[PDB]
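Peer 1: Okay, here's the structure, questions in a sec.
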Number of protein chains: 2
Amino acid sequence: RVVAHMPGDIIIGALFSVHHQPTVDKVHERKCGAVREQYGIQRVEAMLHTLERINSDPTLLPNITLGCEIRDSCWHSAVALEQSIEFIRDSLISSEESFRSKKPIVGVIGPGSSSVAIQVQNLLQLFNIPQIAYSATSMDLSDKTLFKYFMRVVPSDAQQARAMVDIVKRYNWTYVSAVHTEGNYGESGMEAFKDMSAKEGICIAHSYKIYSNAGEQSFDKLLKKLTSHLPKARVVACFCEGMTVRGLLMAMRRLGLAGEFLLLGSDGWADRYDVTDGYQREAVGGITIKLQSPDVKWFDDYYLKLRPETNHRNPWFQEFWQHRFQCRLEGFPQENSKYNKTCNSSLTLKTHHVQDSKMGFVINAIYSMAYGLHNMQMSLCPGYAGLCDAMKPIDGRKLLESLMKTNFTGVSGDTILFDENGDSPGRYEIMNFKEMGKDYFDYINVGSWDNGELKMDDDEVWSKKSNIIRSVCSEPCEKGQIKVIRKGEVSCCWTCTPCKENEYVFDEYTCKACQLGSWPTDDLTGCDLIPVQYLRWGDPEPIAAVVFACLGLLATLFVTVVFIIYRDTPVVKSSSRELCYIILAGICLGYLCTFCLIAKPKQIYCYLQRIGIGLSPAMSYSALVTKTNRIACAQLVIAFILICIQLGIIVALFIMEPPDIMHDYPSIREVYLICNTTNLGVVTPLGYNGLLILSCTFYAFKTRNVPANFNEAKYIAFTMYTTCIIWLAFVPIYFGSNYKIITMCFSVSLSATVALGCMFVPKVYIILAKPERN
Amino acid sequence: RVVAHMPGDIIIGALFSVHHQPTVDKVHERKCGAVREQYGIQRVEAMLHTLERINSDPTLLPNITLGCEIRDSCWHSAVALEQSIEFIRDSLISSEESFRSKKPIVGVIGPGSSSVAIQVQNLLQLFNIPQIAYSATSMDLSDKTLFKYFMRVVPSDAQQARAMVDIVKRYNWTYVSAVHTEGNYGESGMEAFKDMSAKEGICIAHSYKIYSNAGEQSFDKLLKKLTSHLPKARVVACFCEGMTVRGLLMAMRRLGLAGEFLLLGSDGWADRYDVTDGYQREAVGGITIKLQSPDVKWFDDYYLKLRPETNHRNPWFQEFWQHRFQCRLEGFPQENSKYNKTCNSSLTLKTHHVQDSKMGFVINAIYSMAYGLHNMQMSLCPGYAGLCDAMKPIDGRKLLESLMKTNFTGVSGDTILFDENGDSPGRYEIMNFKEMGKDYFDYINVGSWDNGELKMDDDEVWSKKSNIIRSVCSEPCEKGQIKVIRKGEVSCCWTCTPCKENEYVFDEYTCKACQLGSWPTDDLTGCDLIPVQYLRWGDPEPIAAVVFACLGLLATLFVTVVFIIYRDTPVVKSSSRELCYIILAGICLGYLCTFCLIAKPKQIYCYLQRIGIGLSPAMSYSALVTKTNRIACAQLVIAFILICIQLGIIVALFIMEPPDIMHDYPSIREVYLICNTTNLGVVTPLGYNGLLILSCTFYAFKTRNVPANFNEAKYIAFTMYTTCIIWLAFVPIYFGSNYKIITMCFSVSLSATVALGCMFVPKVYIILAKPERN
Ligand SMILES: *[C@@H]1O[C@H](CO)[C@@H](O)[C@H](O)[C@H]1NC(C)=O
Ligand SMILES: *[C@@H]1O[C@H](CO)[C@@H](O)[C@H](O)[C@H]1NC(C)=O
Ligand SMILES: *[C@@H]1O[C@H](CO)[C@@H](O)[C@H](O)[C@H]1NC(C)=O
Ligand SMILES: *[C@@H]1O[C@H](CO)[C@@H](O)[C@H](O)[C@H]1NC(C)=O
């Protein structure tokens, strides 16, 4: 086993993926693969020069030299576990005390794979050793109930899903499709995405849990299933890997459905143009995310000046010079005979210098542990250059307490701050694969994201407002009368359903209905009451009844001259001078019933309208049948008792029925203004009227041969044969249409006008028209 | 560091609590405590002699020597973790390859504490090393989703709670109280107990989460809160430790409430008479549980023959001889000067030989790994004495597969079988602290439990059937009429609520009600229909109507002699000979209405009863008013038309009302048998009868001065003044009580009998009684 070592006071180890992973036949022999350049030796020399800088910077840890013990991880779980066993036994022999030098391992950094770091944490919890990673992105590692000693200077995939939710939230897109690859990277990220999409109502058609190496027929079936949701969903969010997006683009070329689907993605194709290699006509318009990766000139100047004759601190730098430049440095102690060519002295290092994209994150973690130890020194050893007895030795409980509450500016100047879950906030970059002038598109920048701060250039993409259409299931309905209704599939496939004419829009998926006599406004906001009728205007239908009542009241005073002044003429002396007066008064009240009925409906006017309908034919017929019965001192008594019968009947009716003003409801849009007119109160005086008129007809048919009072009985019979038709035809016309005022003002005045013009007008025809018997 | 080592082919380590646990000032210096005799060196020598026996037994692993590497655990988590780091680096240097001997650690046994084994498993999962414990009882360790490489030859606390549920289930106890101490032993066991008690409806008053070192005032408050549930709950189940039970007994002595509470417990006071030390008057009757602990003579014979001059294999046996017998063996290499006295040569070892109670479980785990390796040898190296290339090397995946499906007989002969959770089933012992003849009680055996097999001696405890009363909230209710009802607190505090007289017991907490005309049986099982009345017996109330109808039918033929035979006498020649015949026929039908009404209600009999009630006074009165009107060829026509009027009326009634047989419901317990008798069908013939009788009375009052037919009109008027009272008083008596058959059979026959005896009997009084005008 090899180790790169730095001496010092506090030694902080690391696990870097120097070699490639071993195969299935090397899991027991631990034969690691070839040396990985970017993830490996670059991070090693970066940590070496970073601790050389931190030992040379007296701002933090002034009289404390921070050494290191760099051991390989080989990208595999078991080898990293073996080197962590080496770390912990070095810590234990330092605690207890050939190679008697002690080295208490305090912290350790790495490795890259989250599937390996999740194994390393289960070893490091037991030993009070905190560990800060730089490439683990799995969100289950945030659970410090299980993973207490795991901290990250990188954001999780949950904050990738957060930004993927936020960019859709900014673009007002609701019914979208989203796929994800199999594994802990895809599944957890899609779970966080669908958990945060429900906070904005963003619908998901169907998640397609595809595999990392699915077949071309399987990818074509997934593309057909995605097209089955089109055109209702256009944006496809793939929290997935780069080979997933490459297989989807292979399916888009093999299906020929390019230029339609919008492909949102995670950092699997962040700068990976090899995913869109040769697929630039199909990949256009896609939006991905990427961590901010600034290039640090510190490691550049510290790394381009390295030579194998100088860099003897790294025990595999000479092997890296041997294998990576494919030459045989025979003077080097790592002189391998596998390379046939020799190493020239002018063989430079600046050729193809492409450093790690995650280079700044390693230095961020190193400075995180550095300022954590500086906070420990400032908290426990106040005003001291080195370390006092409170830091002799150092366990990880108060070290975790110090690292949890740290804050500084990194190599990018980023304010590195740790939450309660021990995670740095996300600071991403947003790009587009927009087409250039020629047929060569690139991942061009369209802005960035930082913890909610979503700086975007909407004018950059589509070059206008003519974007991809809003991926939504239901359009917004016509909110004046039509309302939405859920079908039962998603929260955005609403159905534009109109509501009733008496139902206003109250809820977003329901209409409340107005009550009887109420109907909504023009915006379906509330309700409005329909107005009622005053029933007194120049309306041509009741004005005939008004003119007819005026003619009756004029004819009353026309008749009233030739017997009140002529009260001594023997034509009227033999006639009944009180009974005909009572009959004329009843006819006058029957004329006044027209004015009492066609008026304003009030608490007194309805009672004054309803008191006369029973009485005015009754007192007109009572004196008539009283005079008819005698065909010697009860002449004003029998008719008075017959009037008092109907008086008692109408008083007993009005005791049971108080005067009320109701509203007739012929429909939902018409509200009238009626009185307290019940069927009992209609029929009960009609029964007494029918009892009077049949007895009067039976008496007139018997006494129709009385010539007295200048043919009085003939005129009586001629009046009664007309009234027996009128008071019989009154019933169906009143019980038919809604003319309960109009027919009432017509027919009662008509009956009184007949009882005038066929009884009293022929009685004065031999008086006024014939002045011989005035 | 020290280690006890056995050479061999397959080396299986162990972690035994040899020393006592270090203090708070020795967690960094690892200064372990004094040597623990029972849990420590006894288990060490047991494993040494057990592997010596297994190497000498050619039944399993014939040409394989099973060595060991015994390292201390010191009862503390960190020291056991350090020695496990030593184990895994020994495994790694054996995998890779001064002291160049390799030793691949395959399995490891222990330690005792579950709180330490839960730390050791998080280290051993990462390395494919299975581990079998012998004292860990925590039930969260059964979760092999998290704890895949942890197996037990001991049952969990869940199977303690299972037996504590089962003994209560056998004793039919429902509303009990249960307390538990704080910690993972008490809390998980109480959670499993309350989870399994809900499978039997066993109520729990309130769990009292007390602490291990609660105050005496706190224990008195807990005792008062437990007495607050008394006497409704008597048995107290304490899945707790021994100091908990000792504190509860201190509270019982300080409160003086002894001799009442039943104390069920776990193995915290299994053989711990120090809990009940001096508390034997208060602790009587309590039931605890204990694992079966047989004494193995193998370790006895292998351990009593040990000497420090011989046992040089154990590197701390000489220190155990130094400290445990408090003498200074100066010739021994562990000659400590702390002991002033010297070691005699006759100083024996058999004095106070009290071995471990869990001694057999260690040997069970050793034989479990032995037969697992034997199953591996039989599965991978068939017919081979040693090990083939399939067992070179050996990881723990297929070793776990072999250990999961093992079965053998242990040192006690117990069939050790592992479930899907990797746990041995429980095989307990049940004891009681029953009083002896003197005042010295002991933990006497009352049976055992083995995976459901609950062998108990009920005659042993209480010496009779007079036991502790069943701890229940509600007694079983009187199930004849009274039903239970839940109050809303527990599933056993039911309230004995009676139900209605028409409601039968259907549910255990609800009564279903019978319908109208139905009422339950004597056991409230279903419903029963009430019988109806036939209304024809020797009942004294309708038999008067029957005798009266017979007298009427006799008087009909009494009258029918003196005018049918005497059809030429001029007394009856001037009288109406057809009209009086029609009247007599109507009286005969009115007499027949009594027989038609008081009969069996059928579809024809109800119609025949209801056809005559309208017709029989109508045809009797029609000829009467027809003869009365003439006071010349329509004499049989006018009365016929008046009969046909009522005929048409009753046909129009029976068209609207078909003949139906209904059931009168005067109450919920009485169902009668009536016909289709509606109020319309009652009033409508009564109106025609009233129209007839008033016209007949008005005609008789005018024609009461007609002396013809030997004073006929006087008898007519005298009949009519009686019928005007009868047919007017018929209405309230019929509209009052439930005599709709009785009054109908009375009054119609009474009216016909009056119309006979005041009209025709005086008409024949001058015929039969006076034979001069026969
Ligand atoms: C919703 O997002 C679209 C994105 O193109 C934008 O044009 C529109 O103005 C947004 N709606 C509102 C109300 O801002
Ligand atoms: C880190 O953040 C906290 C709160 O956000 C602030 O009080 C502190 O000053 C910051 N650290 C530095 C070095 O500014
Ligand atoms: C428990 O209940 C069963 C059910 O009837 C009964 O047979 C048994 O005798 C009961 N046991 C005791 C101890 O009451
Ligand atoms: C162990 O149990 C299984 C099933 O219960 C049985 O088939 C097997 O024979 C048993 N082992 C022995 C040694 O009897």
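Every chain in the structure tokens has a letter given in the order shown (A, B, ...), and although residue numbers restart at 1 in each chain, ligands are simply numbered from 1 in the order shown.
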Could you pull out the alpha helix (DSSP H) residues of segment 121-264 of chain B from DSSP and send them as a PyMOL selection string?
Peer 2: chain B and resi 121-124+158-171+184-197+216-227+242-255
Peer 1: At a cut-off of 9 Å and counting only C-alpha atoms and all ligand atoms, what residues surround ligand 3? Please answer as a PDB file with C-alpha atoms, in the first residue's frame.
Peer 2:
ATOM      1  CA  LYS B 169     -55.207 -14.605  27.615  1.00  0.00           C
ATOM      2  CA  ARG B 170     -55.322 -17.950  29.424  1.00  0.00           C
ATOM      3  CA  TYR B 171     -56.622 -16.318  32.618  1.00  0.00           C
ATOM      4  CA  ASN B 172     -59.367 -14.299  30.810  1.00  0.00           C
ATOM      5  CA  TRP B 173     -58.245 -10.880  32.062  1.00  0.00           C
ATOM      6  CA  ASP B 458     -53.590 -23.527  38.029  1.00  0.00           C
ATOM      7  CA  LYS B 465     -60.512 -21.611  42.308  1.00  0.00           C
ATOM      8  CA  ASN B 467     -58.066 -16.565  42.530  1.00  0.00           C
ATOM      9  CA  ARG B 470     -60.735 -10.984  36.709  1.00  0.00           C
TER      10      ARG B 470
END
Peer 1: Write out as a ChimeraX atom specification the residues lying within 10 Å of residue 731 of chain B, counting only C-alpha atoms and excluding same-chain residues fewer than 5 positions away.
Peer 2: /B:682-683,686,726,736
Peer 1: Using only C-alpha atoms, find the residues of chain B whose closest atom to chain A is at most 7 Å away, then write them as a ChimeraX atom specification.
Peer 2: /B:85,119,122-123,126
Peer 1: Please produce a file of those selected residues containing N, CA, C and O atoms, as a tab-separated table (two decimals), in the first residue's frame.
Peer 2:
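part-v3.tsv written:
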chain	number	residue	atom	x	y	z
B	85	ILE	N	-11.74	-3.69	15.30
B	85	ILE	CA	-10.78	-3.15	14.34
B	85	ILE	C	-9.56	-4.06	14.25
B	85	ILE	O	-9.02	-4.31	13.16
B	119	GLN	N	-23.72	-1.39	18.15
B	119	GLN	CA	-22.61	-0.62	17.60
B	119	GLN	C	-21.69	-1.53	16.79
B	119	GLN	O	-21.15	-1.11	15.77
B	122	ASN	N	-22.96	-2.33	13.13
B	122	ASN	CA	-22.74	-1.28	12.14
B	122	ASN	C	-21.32	-1.29	11.59
B	122	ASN	O	-21.08	-0.76	10.50
B	123	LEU	N	-20.38	-1.88	12.32
B	123	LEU	CA	-19.05	-2.15	11.82
B	123	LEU	C	-18.97	-3.45	11.03
B	123	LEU	O	-18.24	-3.51	10.03
B	126	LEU	N	-20.27	-4.01	7.05
B	126	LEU	CA	-19.47	-3.47	5.96
B	126	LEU	C	-18.43	-4.45	5.46
B	126	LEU	O	-17.80	-4.19	4.43
Peer 1: Taking only C-alpha atoms and all ligand atoms into account, report as a PyMOL selection string which residues have an atom no farther than 8 Å from an atom of ligand 2.
Peer 2: chain A and resi 406-409+415-417
Peer 1: Residues as selected, C-alpha atoms, written as a PDB file, in the first residue's frame, can you do that?
Peer 2:
ATOM      1  CA  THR A 406     -19.139  27.868  10.120  1.00  0.00           C
ATOM      2  CA  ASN A 407     -19.241  30.594   7.474  1.00  0.00           C
ATOM      3  CA  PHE A 408     -16.591  31.962   5.110  1.00  0.00           C
ATOM      4  CA  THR A 409     -15.957  32.810   1.460  1.00  0.00           C
ATOM      5  CA  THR A 415     -20.672  32.318   1.232  1.00  0.00           C
ATOM      6  CA  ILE A 416     -20.413  28.701   2.375  1.00  0.00           C
ATOM      7  CA  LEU A 417     -23.116  28.209   5.002  1.00  0.00           C
TER       8      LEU A 417
END
Peer 1: So which one's closest to residue 166 of chain A, A:705, A:620, A:695, A:448? Using only C-alpha atoms, please.
Peer 2: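 Residue with the minimum atom-to-atom distance to residue 166 of chain A: A:448.
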Peer 1: B:422, B:67, B:690, B:590: which is nearest residue 151 of chain B, counting only C-alpha atoms?
Peer 2: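 Of B:422, B:67, B:690, B:590, the one nearest residue 151 of chain B, counting only C-alpha atoms, is B:422.
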Peer 1: Extract, using only C-alpha atoms, all DNA, RNA and protein residues at most 12 Å from residue 354 of chain B, discarding same-chain residues fewer than 6 positions from it, and format them as number ranges by chain.
Peer 2: B: 37-39, 42, 295-296, 299-300, 303-304
Peer 1: Which residues are close to residue 451 of chain B, i.e. within 12 Å by only C-alpha atoms, leaving aside same-chain residues fewer than 4 positions away? Reply as an MDAnalysis selection string.
Peer 2: chainID B and resid 155 158:160 162:163 166 415 417 424:429 455
Peer 1: Can you tell me, as a PyMOL selection string, what residues are no more than 12 Å from residue 529 of chain A when counting only C-alpha atoms, ignoring any on the same chain fewer than 2 positions away?
Peer 2: chain A and resi 502+514-521+526-527+531-532+663+668-672
Peer 1: Store the residues picked out above in a file with N, CA, C and O atoms, as a CSV table (one decimal), in the first residue's frame.
Peer 2:
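Saved result, again_30.csv, follows:
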chain,number,residue,atom,x,y,z
A,502,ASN,N,-79.9,30.5,-12.6
A,502,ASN,CA,-80.0,31.0,-11.2
A,502,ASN,C,-78.9,30.6,-10.3
A,502,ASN,O,-79.0,30.6,-9.1
A,514,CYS,N,-78.8,30.7,-6.5
A,514,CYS,CA,-79.5,31.7,-5.8
A,514,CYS,C,-80.9,31.1,-5.4
A,514,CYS,O,-81.3,30.1,-5.9
A,515,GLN,N,-81.5,31.8,-4.4
A,515,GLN,CA,-82.7,31.3,-3.8
A,515,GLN,C,-83.9,31.7,-4.7
A,515,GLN,O,-83.7,32.3,-5.8
A,516,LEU,N,-85.1,31.3,-4.3
A,516,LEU,CA,-86.3,31.7,-5.1
A,516,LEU,C,-86.6,33.2,-4.9
A,516,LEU,O,-86.7,33.7,-3.8
A,517,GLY,N,-86.7,33.8,-6.1
A,517,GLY,CA,-86.7,35.3,-6.1
A,517,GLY,C,-85.4,36.0,-6.2
A,517,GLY,O,-85.4,37.2,-6.2
A,518,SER,N,-84.3,35.2,-6.4
A,518,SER,CA,-83.0,35.8,-6.5
A,518,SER,C,-82.4,35.1,-7.8
A,518,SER,O,-82.6,34.0,-8.1
A,519,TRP,N,-81.5,35.9,-8.5
A,519,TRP,CA,-80.8,35.5,-9.7
A,519,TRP,C,-79.5,36.3,-9.8
A,519,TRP,O,-79.5,37.5,-9.4
A,520,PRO,N,-78.4,35.7,-10.3
A,520,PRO,CA,-77.1,36.3,-10.2
A,520,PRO,C,-76.9,37.6,-11.0
A,520,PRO,O,-77.8,38.1,-11.7
A,521,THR,N,-75.7,38.2,-10.8
A,521,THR,CA,-75.4,39.4,-11.5
A,521,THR,C,-74.8,39.1,-12.9
A,521,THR,O,-74.8,37.9,-13.3
A,526,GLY,N,-72.9,37.4,-7.1
A,526,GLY,CA,-73.8,37.1,-6.0
A,526,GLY,C,-75.2,36.8,-6.5
A,526,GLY,O,-75.4,35.9,-7.3
A,527,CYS,N,-76.2,37.5,-6.0
A,527,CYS,CA,-77.6,37.3,-6.4
A,527,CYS,C,-78.3,38.7,-6.5
A,527,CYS,O,-77.8,39.7,-5.9
A,531,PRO,N,-87.7,42.8,-9.2
A,531,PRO,CA,-88.6,43.8,-8.6
A,531,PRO,C,-90.1,43.3,-8.8
A,531,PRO,O,-90.4,42.4,-9.6
A,532,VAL,N,-90.9,44.0,-8.0
A,532,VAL,CA,-92.3,43.7,-8.0
A,532,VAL,C,-93.1,44.7,-8.7
A,532,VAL,O,-92.6,45.8,-9.1
A,663,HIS,N,-95.7,37.4,-2.3
A,663,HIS,CA,-95.1,37.6,-3.6
A,663,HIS,C,-95.4,36.4,-4.5
A,663,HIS,O,-95.0,35.3,-4.1
A,668,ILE,N,-88.7,31.6,-12.1
A,668,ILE,CA,-87.5,31.9,-11.3
A,668,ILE,C,-87.1,33.3,-11.5
A,668,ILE,O,-86.2,33.8,-10.8
A,669,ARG,N,-87.6,34.0,-12.5
A,669,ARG,CA,-87.2,35.4,-12.9
A,669,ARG,C,-88.3,36.4,-12.7
A,669,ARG,O,-88.0,37.6,-13.0
A,670,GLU,N,-89.4,36.1,-12.2
A,670,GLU,CA,-90.5,37.0,-12.0
A,670,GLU,C,-91.1,36.9,-10.6
A,670,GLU,O,-91.4,35.8,-10.1
A,671,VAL,N,-91.1,38.1,-9.9
A,671,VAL,CA,-91.6,38.2,-8.6
A,671,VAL,C,-92.7,39.3,-8.6
A,671,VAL,O,-92.4,40.4,-8.9
A,672,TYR,N,-93.9,38.9,-8.3
A,672,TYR,CA,-95.0,39.8,-8.3
A,672,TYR,C,-95.3,40.3,-6.9
A,672,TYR,O,-94.5,40.1,-6.0
Peer 1: So that I can check the surroundings of residue 117 of chain B, please list as an MDAnalysis selection string every protein, DNA and RNA residue that reaches within 9 Å of it, counting only C-alpha atoms and ignoring chain neighbours fewer than 6 positions away.
Peer 2: chainID B and resid 77 80 110:111 133 136 150
Peer 1: List every residue of segment 299-511 of chain B that DSSP, applied to the backbone of this structure, places in strand (DSSP E), and write the result as an MDAnalysis selection string.
Peer 2: chainID B and resid 327:328 341:342 407:409 415:417 427:434 442:450 453:456 482:483 497:498 503:505 511
Peer 1: Those residues you just picked out, can you put them in a file as a tab-separated table (two decimals), in the first residue's frame with N, CA and C atoms?
Peer 2:
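Writing the result to selection_7.tsv gives the following:
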chain	number	residue	atom	x	y	z
B	327	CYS	N	-4.93	-13.64	46.80
B	327	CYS	CA	-3.64	-14.12	47.25
B	327	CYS	C	-2.58	-13.81	46.20
B	328	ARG	N	-1.32	-13.86	46.62
B	328	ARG	CA	-0.19	-13.49	45.78
B	328	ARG	C	0.58	-14.76	45.41
B	341	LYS	N	-1.55	-11.63	51.26
B	341	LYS	CA	-1.47	-13.05	51.56
B	341	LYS	C	-0.94	-13.83	50.37
B	342	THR	N	-0.42	-15.02	50.65
B	342	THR	CA	0.12	-15.91	49.63
B	342	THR	C	-0.89	-16.99	49.28
B	407	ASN	N	-30.33	-26.28	11.70
B	407	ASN	CA	-31.17	-26.92	12.71
B	407	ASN	C	-30.37	-28.03	13.36
B	408	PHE	N	-30.35	-28.04	14.69
B	408	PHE	CA	-29.72	-29.10	15.46
B	408	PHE	C	-30.29	-29.07	16.87
B	409	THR	N	-29.76	-29.95	17.72
B	409	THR	CA	-30.13	-30.00	19.13
B	409	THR	C	-28.97	-29.47	19.96
B	415	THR	N	-34.31	-27.83	19.97
B	415	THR	CA	-34.26	-27.75	18.51
B	415	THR	C	-34.05	-26.30	18.12
B	416	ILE	N	-32.79	-25.92	17.91
B	416	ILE	CA	-32.45	-24.55	17.57
B	416	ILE	C	-32.79	-24.30	16.11
B	417	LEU	N	-33.78	-23.45	15.87
B	417	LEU	CA	-34.24	-23.16	14.52
B	417	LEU	C	-34.36	-21.65	14.36
B	427	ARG	N	-38.22	-20.19	24.84
B	427	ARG	CA	-38.46	-21.38	25.66
B	427	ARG	C	-38.20	-20.96	27.11
B	428	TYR	N	-39.25	-20.53	27.78
B	428	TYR	CA	-39.11	-19.82	29.04
B	428	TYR	C	-39.42	-20.74	30.21
B	429	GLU	N	-39.44	-20.16	31.41
B	429	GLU	CA	-39.92	-20.82	32.62
B	429	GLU	C	-40.81	-19.85	33.37
B	430	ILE	N	-41.89	-20.36	33.94
B	430	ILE	CA	-42.86	-19.53	34.65
B	430	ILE	C	-42.75	-19.85	36.13
B	431	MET	N	-42.56	-18.82	36.96
B	431	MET	CA	-42.46	-19.02	38.40
B	431	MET	C	-43.42	-18.11	39.14
B	432	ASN	N	-43.60	-18.43	40.42
B	432	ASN	CA	-44.41	-17.67	41.35
B	432	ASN	C	-43.62	-17.47	42.64
B	433	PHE	N	-43.87	-16.35	43.30
B	433	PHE	CA	-43.34	-16.11	44.64
B	433	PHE	C	-44.41	-16.47	45.66
B	434	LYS	N	-44.72	-17.76	45.70
B	434	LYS	CA	-45.74	-18.27	46.60
B	434	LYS	C	-45.15	-18.53	47.98
B	442	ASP	N	-40.28	-18.31	48.17
B	442	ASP	CA	-39.25	-18.47	47.16
B	442	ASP	C	-39.88	-18.48	45.78
B	443	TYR	N	-39.02	-18.34	44.76
B	443	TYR	CA	-39.44	-18.37	43.36
B	443	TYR	C	-39.69	-19.83	42.97
B	444	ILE	N	-40.89	-20.30	43.28
B	444	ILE	CA	-41.23	-21.70	43.03
B	444	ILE	C	-41.77	-21.85	41.61
B	445	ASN	N	-41.46	-22.98	40.98
B	445	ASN	CA	-41.84	-23.21	39.60
B	445	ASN	C	-43.33	-23.52	39.49
B	446	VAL	N	-43.98	-22.92	38.50
B	446	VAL	CA	-45.40	-23.18	38.24
B	446	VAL	C	-45.60	-23.57	36.78
B	447	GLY	N	-44.51	-23.87	36.08
B	447	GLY	CA	-44.62	-24.33	34.71
B	447	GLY	C	-43.68	-23.57	33.80
B	448	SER	N	-43.90	-23.72	32.50
B	448	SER	CA	-43.02	-23.14	31.50
B	448	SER	C	-43.82	-22.75	30.27
B	449	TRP	N	-43.12	-22.16	29.30
B	449	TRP	CA	-43.69	-21.74	28.03
B	449	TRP	C	-42.71	-22.05	26.92
B	450	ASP	N	-43.22	-22.54	25.79
B	450	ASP	CA	-42.35	-22.85	24.65
B	450	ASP	C	-43.17	-22.64	23.37
B	453	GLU	N	-46.80	-23.31	23.65
B	453	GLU	CA	-47.08	-24.39	24.58
B	453	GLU	C	-46.98	-23.89	26.01
B	454	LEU	N	-48.10	-23.48	26.57
B	454	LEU	CA	-48.14	-22.84	27.89
B	454	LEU	C	-48.61	-23.88	28.90
B	455	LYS	N	-47.66	-24.64	29.44
B	455	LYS	CA	-47.96	-25.64	30.46
B	455	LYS	C	-47.98	-24.96	31.82
B	456	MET	N	-49.16	-24.89	32.43
B	456	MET	CA	-49.33	-24.21	33.70
B	456	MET	C	-50.03	-25.12	34.70
B	482	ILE	N	-80.82	-6.51	27.96
B	482	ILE	CA	-79.84	-5.45	28.11
B	482	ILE	C	-78.69	-5.69	27.14
B	483	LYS	N	-78.23	-4.62	26.50
B	483	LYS	CA	-77.13	-4.68	25.56
B	483	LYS	C	-75.99	-3.79	26.04
B	497	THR	N	-76.90	-1.38	28.70
B	497	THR	CA	-78.05	-0.55	28.36
B	497	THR	C	-79.19	-1.42	27.86
B	498	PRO	N	-80.37	-1.33	28.46
B	498	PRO	CA	-81.53	-2.07	27.94
B	498	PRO	C	-82.06	-1.41	26.67
B	503	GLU	N	-87.46	-3.73	20.12
B	503	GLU	CA	-86.09	-3.77	19.64
B	503	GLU	C	-85.42	-5.04	20.15
B	504	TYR	N	-84.90	-5.84	19.23
B	504	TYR	CA	-84.19	-7.07	19.57
B	504	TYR	C	-82.68	-6.84	19.54
B	505	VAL	N	-81.97	-7.69	20.27
B	505	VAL	CA	-80.51	-7.61	20.33
B	505	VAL	C	-79.95	-8.17	19.02
B	511	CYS	N	-78.97	-2.45	19.14
B	511	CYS	CA	-80.20	-3.23	19.03
B	511	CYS	C	-80.95	-2.80	17.78
Peer 1: With distances taken over only C-alpha atoms and all ligand atoms, which residue among B:156, B:50, B:375, B:326 lies nearest ligand 4?
Peer 2: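 Counting only C-alpha atoms and all ligand atoms, the residue closest to ligand 4 is B:375.
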Peer 1: Given only C-alpha atoms as the basis, pick out the residue of B:147, B:506, B:239, B:727 nearest to residue 164 of chain B.
Peer 2: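 Smallest distance to residue 164 of chain B is found for B:239.
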